[PDB]
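>
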Amino acid sequence: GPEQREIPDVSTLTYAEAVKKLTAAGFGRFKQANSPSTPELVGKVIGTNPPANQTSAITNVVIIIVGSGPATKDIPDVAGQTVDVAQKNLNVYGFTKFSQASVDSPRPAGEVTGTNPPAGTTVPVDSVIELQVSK
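The sequence shown runs 423 to 557 under PDB author numbering.
1. Where does residue 443 sit, in a helix, a strand or coil, going by DSSP?
2. Quick one, are the C-beta atoms of residue 550 and residue 535 less than 8 angstroms apart?
3. Taking the alpha helix (DSSP H) that residue 512 belongs to, which residues open and close that run?
4. When the distance is taken between beta carbons, is residue 477 closer than 8 angstroms to residue 572?
5. Under a three-way DSSP split, which group does residue 438 fall into?
6. DSSP on residue 425, reduced to helix/strand/coil?
7. Are residue 498 and residue 541 close, meaning C-beta to C-beta below 8 angstroms?
8. When you compare each of 527, 451 and 460 to residue 470 by their alpha carbons, which one comes out closest?
9. In this structure, how does DSSP classify residue 498 when only helix, strand and coil are distinguished?
10. For residue 458, which of helix, strand or coil comes out of DSSP?
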């Protein structure tokens, strides 16, 4: 038997599968990374550095990359309503981290004038949205 062990091809199906089977293969040295990719493949391994078809020495660090599917949303238009009410509606369908930018109030005041990124821009929901409010 070689010092190299074969990497199970169940990794492709799920990270959980990868780890358990690879653990049963004798590997205990891992390096994990995840990269944003096609959301419908979230949680599965999208690639390992040691191949599933070749045998790799068990002294090797297995670099396992997980397919990460982030929650992203387009910032909607909720301008024309109050800062408090706008954040509330937007939060339900969008983001939880807000920042406020003061813009000059000609006629509207207190009400949301718009968003920092142009409406329709899709960004990670974990990212901070800046709301343009009439000071």
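Quick reminder that beta carbons are idealized off the backbone N, C-alpha and C, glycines included.
From the atom records:
1. Residue 443 sits at position 21 when you count from the first residue of the sequence shown. Of the three classes helix, strand and coil, the one that applies to residue 443 here is helix, per DSSP.
2. Against the sequence shown, residue 550 aligns to sequence position 128. Against the sequence shown, residue 535 aligns to sequence position 113. No, these two residues do not count as a Cβ contact at 8 angstroms.
3. As a working mapping, residue 512 is identified with position 90 in the sequence shown. Taken as a continuous stretch (DSSP letters only), the alpha helix (DSSP H) holding residue 512 covers 505 to 515.
4. Limits of the chain in this structure are 423 at one end and 557 at the other, which puts residue 572 out of reach.
5. Locating residue 438 in the sequence shown gives position 16, counting from the first residue. Helix at residue 438.
6. Here residue 425 is taken as the residue at index 3 of the sequence shown, counted from 1. Looking at residue 425 - three-state DSSP - the assignment turns out to be coil, as it is neither helix nor strand.
7. Residue numbering aside, residue 498 sits at position 76 when the sequence shown is read from its first letter. Residue numbering aside, residue 541 sits at position 119 when the sequence shown is read from its first letter. Yes.
8. Locating residue 470 in the sequence shown gives position 48, counting from the first residue. The shortest C-alpha separation from residue 470 is found at 451.
9. Here the question's residue 498 lines up with position 76 in the sequence shown. Reduced to three states, the DSSP call for residue 498 is coil.
10. Position 36 of the sequence shown, counted from the first residue, corresponds to residue 458. Strand at residue 458.
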